[PDB]
Amino acid sequence: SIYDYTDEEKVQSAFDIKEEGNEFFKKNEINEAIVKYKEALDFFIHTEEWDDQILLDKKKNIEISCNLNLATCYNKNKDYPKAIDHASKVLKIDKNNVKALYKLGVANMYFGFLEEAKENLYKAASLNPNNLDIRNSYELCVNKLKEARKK
Amino acid sequence: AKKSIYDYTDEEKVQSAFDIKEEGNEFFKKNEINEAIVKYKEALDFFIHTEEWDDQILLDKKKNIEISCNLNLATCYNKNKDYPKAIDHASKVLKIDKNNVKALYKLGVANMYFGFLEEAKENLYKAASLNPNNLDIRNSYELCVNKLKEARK
């Protein structure tokens, strides 16, 4: 069980399991990637008191990766509440992460948080102005907002 | 027709969350745990992005529904032996209602079975201290101490 792992071993395991999730992700095996990313993150339960610089940095990197990929997975599965949760977790540890703002915007938009989504997408577009996929989502958000406001 | 979260007023978010929570409770009593989990999560989804609410009446109702849904989810996940999810939900209750005894207990159980033994001992010792004649808490505390003594060998 988790009892048997040193802090260093927890970070190594989370990294290995995240890589396993990446492999499922690349093969379009989304449900299995989700399981692996959550398994990786479970190694960091009750680690808020860590103070080792290196463990903290590795933890941050792994948590960003796992939560970003979860957000993508959940958008693919059309589970917008879960995508919102995981994208938001990225932003808590890496403010203005462009990928997370984008995924959050898309999930917010499809769930119906239209004003929130337009803020997210505006921010992502303004940090990454030469991305057409952001523009397409931003277009849809504006259309939805216009239509909802005239209704 | 409600097609997205856009279509709900704050009052309606509270009402729907309460109603959906009750649907969860109905599944729970029928031992339809997976079905109950879905409903409790749907209830909580009504409160996404409501941090800046300031209507005290709605806040108080939201708080009660959030405590109930998260407590019930912790129970569901302990039943399904999904201990990380139970840890998450019991911990959410505690963020809202510090030293909620039921949440401390459910957090202790989930910690214990997942292997967070020292953590579990603290949760359960605290819970037993608050409710010293509760046998459910006592038995879980004894199991925790048994596990921890074994683990240390």
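Above: the structure in question.
1. Regarding the interface of chain A and chain B
- Facing 20 residues of chain A, the contacting portion of chain B comprises 21 residues.
- Here chain A meets chain B over a buried area of about 1,700 Å², counting both sides, of which 70% is carbon and sulfur.
- A per-residue breakdown of the area chain A buries against chain B is headed by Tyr3, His46 and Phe113 of chain A, which together make up 35% of the total.
- On inspection of chain A and its partner chain B, the count reaches 0 salt bridges.
- Here chain A and chain B share 4 residue pairs in polar contact between them.
- Counting only elements with at least two residues in the side of chain A that touches chain B, the list comes to α2 (30–42), α4 (80–93), α5 (98–111), α6 (114–127) and α7 (132–150) of chain A.
- When the residues that make up the side of chain A that touches chain B are grouped by side-chain class, the tally is 10 nonpolar, 4 polar and 6 charged.

2. What about the packing of aromatic side chains?
- Under the definition given, this model contains 9 aromatic pairs over all chains.
- Pairing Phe44 of chain A with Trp50 of chain A gives two aromatic rings, centres 6.0 Å apart and planes at 90°, and the pair type is edge-to-face. Comparing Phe44 of chain A with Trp50 of chain A, the two get one shared label, buried.
- Between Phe47 of chain B and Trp53 of chain B, the ring centres sit 6.0 Å apart and the planes meet at 90°, which makes this aromatic pair edge-to-face.
- Among the residues examined, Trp53 of chain B registers a relative accessible area of 13% and is labelled buried.
- Positioned above the aromatic ring of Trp50 of chain A is the side chain of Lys59 of chain A, whose terminal nitrogen or guanidinium carbon lies 5.5 Å from the ring centre.
- In this structure, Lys2 of chain B packs its charged tip against the face of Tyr8 of chain B, placed 5.0 Å from the ring centre.

About the criteria used
- Residues numbered from 1 in each chain as written, not as in the entry; some residues may be left out.
- Chains lettered and ligands numbered in written order.
- Heavy atoms only, no water.
- Contact = heavy atoms within 4.5 Å.
- Buried area = accessible area lost by both parts, 1.4 Å probe.
- Salt bridge = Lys/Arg side-chain N within 4 Å of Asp/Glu carboxyl O.
- Polar contact = N/O pair within 3.5 Å; in protein donor to acceptor, adjacent residues only side chain to side chain.
- Helix = DSSP H or I, 4+ residues; strand = E, 2+ residues; numbered from the N terminus.
- Nonpolar A, V, L, I, M, F, W, Y, C, P; charged D, E, K, R; others polar.
- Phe/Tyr/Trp six-rings, centres within 6.5 Å; stacked < 30°, edge-to-face > 60°.
- Buried < 20%, exposed > 50% of the residue type's maximum accessible area, 1.4 Å probe, protein only.
- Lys NZ or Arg CZ within 6 Å of the ring centre and 35° of its normal.

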